[PDB]
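Structure first, then comments.
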Ligand SMILES: CC(C)(COP(=O)(O)OP(=O)(O)OC[C@H]1O[C@@H](n2cnc3c(N)ncnc32)[C@H](O)[C@@H]1OP(=O)(O)O)[C@@H](O)C(=O)NCCC(=O)NCCS
Ligand SMILES: CCCCCCCCCCCCCCCC(=O)OC[C@@H](O)COP(=O)(O)O
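Residue numbers (the authors' numbering): 87 to 152, 159 to 370, 379 to 434, 456 to 595, 609 to 659, 703 to 828.
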């Protein structure tokens with residue numbers, strides 16, 4: 087029950103015949119319904135006529151005086173900001189781009205899958221007179237080309253995209269402006285001379301207020317950048333404040349929010365090893389686009405009402421105040458605007474979770490997951506083909522989408538040829554069957570790990586309970615397992631979203647222990706559970722244990738570096754000589770999983786220690802210098818902090 091948006095023969099057009107086939111596409115572009123009338127107009131004028139904006143202008147001028161006829165200057169400046177900000181969509185441009193993208197996608201992709209039922213909802217959300225808001229998860233640059241192209245090819249008007257100021261350059265800007273992309277500043281700060289450019293912020297508020305008030309569609313990537321790790325990073329609540337404020341003020345009745353999940357079998361950009369490790381370009385871009393990449397699946401979550409969601413928050417009698425340190429450390433070592462911050466901050470996480478949990482699991486995702494953790498030593502095809510069937514069922518049985526179908530053999534054989542850089546395909550003695558080992562080198566592994574992290578979010582919970590199960594043992611008391619698991623969540627907090635922000639970890643772990651008894655891995659003898710001593714269950718427990726190896730090893734070997742920490746140092750200088758150590762631990766062959774040396778997990782560990790408050794952040798001259806906290810001034814605390822993390826990791 088799917089749809090391939092790129093698959094366009096004459097059957098997708100009205101006119102038919104030899105000629106009508108030969109020019110199939112050009113007709114399909116002609117038949118699309120996009121006119122100038124259904125786009126917001128008089129935007130600059132309406133934003134410059136705003137009573138908030140003119141008052142914001144009125145006071146910024148007032149400061150500059152010894159009558160006050162300098163208003164001309166600030167007003168003339170205020171205009172120029174909107175002149176570089178606002179977008180101006182041209183149906184002519186959109187069609188002609190859509191045509192090109194329909195050629196190019198059909199060149200360097202195999203297909204782009206859409207579940208009709210998910211879009212038939214969006215076409216019901218469209219035909220109610222409300223402004224929609226599309227919140228995808230940033231992974232590759234192609235994300236912002238797809239989201240629009242998918243809608244354009246179902247007779248839906250292109251959304252106005254919130255774009256980084258980087259792209260604002262001559263020619264390339266005036267193209268983007270005509271394709272809906274409106275440019276916004278980074279940090280919204282002219283200079284540290286001024287506190288806040290009240291004018292710019294008021295104009296930015298006004299623009300979005302106006303663009304929503306005219307019932308147009310908005311596209312915001314809540315992840316400031318695309319993910320280097322290959323999993324959803326920390327959500328930014330920058331613009332969601334601007335969009336919620338619009339509702340808070342009562343200038344528009346309601347907004348619909350649509351989480352989107354775009355999964356790639358192979359991202360055009362490829363591995364991020366170049367960053368994670370720490379003429380000739382244009383040649384590289386030719387070398388880039390001449391390669392083929394795999395399948396794509398874009399998954400739209402159910403549109404929900406922000407108005408109702410914001411009411412639903414006011415039904416909660418008490419909010420979550422517990423600190424990451426106050427959760428963990430006491431178990432290891434014997456308001457007015459702050460509520461408003463948390464309120465909008467949680468929404469962003471709730472969205473990214475919903476989006477990330479829509480993303481379809483790919484073939485590469487499943488192959489990498491097996492190759493890294495299930496085997497590593499490397500296996501002959503037949504065993505991997507039989508496993509690829511077994512894993513596929515494990516994913517479907519947990520209610521997740523697959524971005525592949527057909528013969529397991531062929532779906533794996535396709536997926537190998539994408540991982541051809543990491544994977545080595547050889548011939549074994551007295552066999553017609555071919556052998557498959559992955560790379561365990563410094564640079565190659567990161568590519569396998571990156572694509573492997575695609576599946577991590579399906580098993581992330583069961584893995585925490587699987588690690589905690591091993592932890593508690595060194609006839610389990612259920613309370614202790616939940617209590618122990620609950621911290622391993624607070625510890626791996628920064629690494630990624632584990633569950634919905636609206637419920638506590640205790641409950642999530644209780645439910646996931648509740649799942650293990652339903653599967654029948656744990657059974658009843703306060704409650705006393707026993708682990709099923711069955712080959713299949715044990716190998717699954719050890720797979721789930723192994724799966725979190727890199728994510729614990731890095732956090733362990735991070736604390737091994739803290740053991741000897743000399744004086745206060747700037748963080749950007751520290752992170753490099755912490756990241757050096759983890760590379761040096763592969764270089765010497767001390768670190769087990771070479772995955773751990775990735776730059777992403779280093780930032781997570783330091784932010785985790787900064788959340789725990791081992792390093793007291795005392796930022797100066799616009800950089801974070803790390804002060805070794807009074808609690809962790811002695812050695813015996815850091816010793817226990819090291820001993821603790823070691824309990825979860827298998828030796
Ligand atoms: C413009 C943008 C950069 C703003 O984020 P930022 O400036 O980096 O983040 P800050 O926390 O410094 O934002 C400052 C303001 O945001 C608002 N804000 C940020 N987090 C907030 C939260 N949790 N609750 C309420 N308001 C919040 C406040 O009004 C805050 O005011 P302040 O300056 O007095 O603190 C925005 O782009 C963003 O972060 N999110 C969208 C990402 C994006 O579209 N990037 C382009 C690539 S497609
Ligand atoms: C049918 C035709 C479809 C029309 C397609 C038009 C698409 C318009 C694109 C608008 C401009 C892009 C949107 C903003 C995205 C953006 O700003 O990406 C850059 C950052 O996130 C990532 O930065 P980094 O990872 O640090 O390089």
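Note that the Cβ used here is the ideal one computed from N, Cα and C, for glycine as well.
heavy atom of ligand 1 below 8 Å from residue i C-beta
{"i": "residue 263", "result": "no"}
{"i": "residue 236", "result": "yes"}
{"i": "residue 313", "result": "yes"}
{"i": "residue 230", "result": "yes"}
{"i": "residue 317", "result": "yes"}
{"i": "residue 330", "result": "yes"}
{"i": "residue 462", "result": "yes"}
{"i": "residue 333", "result": "yes"}
{"i": "residue 569", "result": "no"}
{"i": "residue 277", "result": "yes"}
{"i": "residue 339", "result": "no"}
{"i": "residue 288", "result": "yes"}
{"i": "residue 280", "result": "yes"}
{"i": "residue 179", "result": "no"}
{"i": "residue 250", "result": "no"}
{"i": "residue 466", "result": "yes"}
Close Cβ partners of residue i (< 7 Å) along its chain, the five nearest in sequence each way excluded
{"i": "residue 180", "result": "269 and 270"}
{"i": "residue 405", "result": "346 and 348"}
{"i": "residue 242", "result": "91, 206 and 398"}
{"i": "residue 817", "result": "432 and 433"}
{"i": "residue 247", "result": "118 and 119"}
{"i": "residue 424", "result": "624, 627, 788 and 789"}
Best match in the options for proximity to residue i [C-alpha to C-alpha]
{"i": "residue 622", "options": "331, 581 and 221", "result": "581"}
{"i": "residue 807", "options": "797, 112, 102 and 790", "result": "790"}
{"i": "residue 187", "options": "536, 249 and 151", "result": "249"}
{"i": "residue 736", "options": "228, 809, 516 and 827", "result": "809"}
{"i": "residue 538", "options": "417, 112, 224 and 559", "result": "559"}
{"i": "residue 772", "options": "571, 431 and 159", "result": "571"}
{"i": "residue 127", "options": "233, 252, 105 and 210", "result": "252"}
{"i": "residue 222", "options": "147, 456, 308 and 365", "result": "308"}
{"i": "residue 464", "options": "411, 487 and 423", "result": "411"}
{"i": "residue 553", "options": "800, 495 and 502", "result": "502"}
{"i": "residue 729", "options": "312, 743, 782 and 650", "result": "782"}
{"i": "residue 369", "options": "562, 176 and 254", "result": "562"}
{"i": "residue 738", "options": "704, 713 and 779", "result": "779"}
{"i": "residue 579", "options": "618, 356, 630 and 429", "result": "630"}
{"i": "residue 710", "options": "574, 655, 659 and 704", "result": "655"}
Residue i and residue j closer than 9 Å at C-beta
{"i": "residue 706", "j": "residue 610", "result": "yes"}
{"i": "residue 793", "j": "residue 805", "result": "yes"}
{"i": "residue 213", "j": "residue 510", "result": "no"}
{"i": "residue 827", "j": "residue 761", "result": "no"}
{"i": "residue 722", "j": "residue 584", "result": "yes"}
{"i": "residue 542", "j": "residue 756", "result": "no"}
{"i": "residue 360", "j": "residue 388", "result": "yes"}
{"i": "residue 640", "j": "residue 825", "result": "no"}
{"i": "residue 328", "j": "residue 231", "result": "no"}
Distance cut-off 8 Å: residue i Cβ against heavy atoms of ligand 2
{"i": "residue 233", "result": "yes"}
{"i": "residue 114", "result": "no"}
{"i": "residue 245", "result": "yes"}
{"i": "residue 240", "result": "yes"}
{"i": "residue 255", "result": "yes"}
{"i": "residue 186", "result": "yes"}
{"i": "residue 303", "result": "no"}
{"i": "residue 258", "result": "yes"}
{"i": "residue 268", "result": "yes"}
{"i": "residue 227", "result": "no"}
{"i": "residue 829", "result": "Since the first and last residues shown for the chain are 87 and 828, residue 829 lies out of range."}
{"i": "residue 193", "result": "yes"}
{"i": "residue 272", "result": "yes"}
Own chain, CB closer than 8 Å to residue i, minus 5 neighbours either side, in chain order
{"i": "residue 282", "result": "289 and 292"}
{"i": "residue 352", "result": "226, 227, 228, 229, 239, 398, 399, 400, 401, 476 and 479"}
{"i": "residue 642", "result": "582, 623, 632 and 633"}
For residue j and residue i, believed in contact at Cβ under 8 Å, the rounded distance
{"i": "residue 491", "j": "residue 569", "result": "Not confirmed; about 11 Å, so no contact."}
{"i": "residue 484", "j": "residue 516", "result": "Contact flag wrong, Cβ pair sits at about 11 Å."}
{"i": "residue 176", "j": "residue 260", "result": "6 Å"}
Own chain partners of residue i with C-beta closer than 6 Å, once the 5 adjacent residues on each side are dropped
{"i": "residue 545", "result": "558"}
{"i": "residue 819", "result": "736"}
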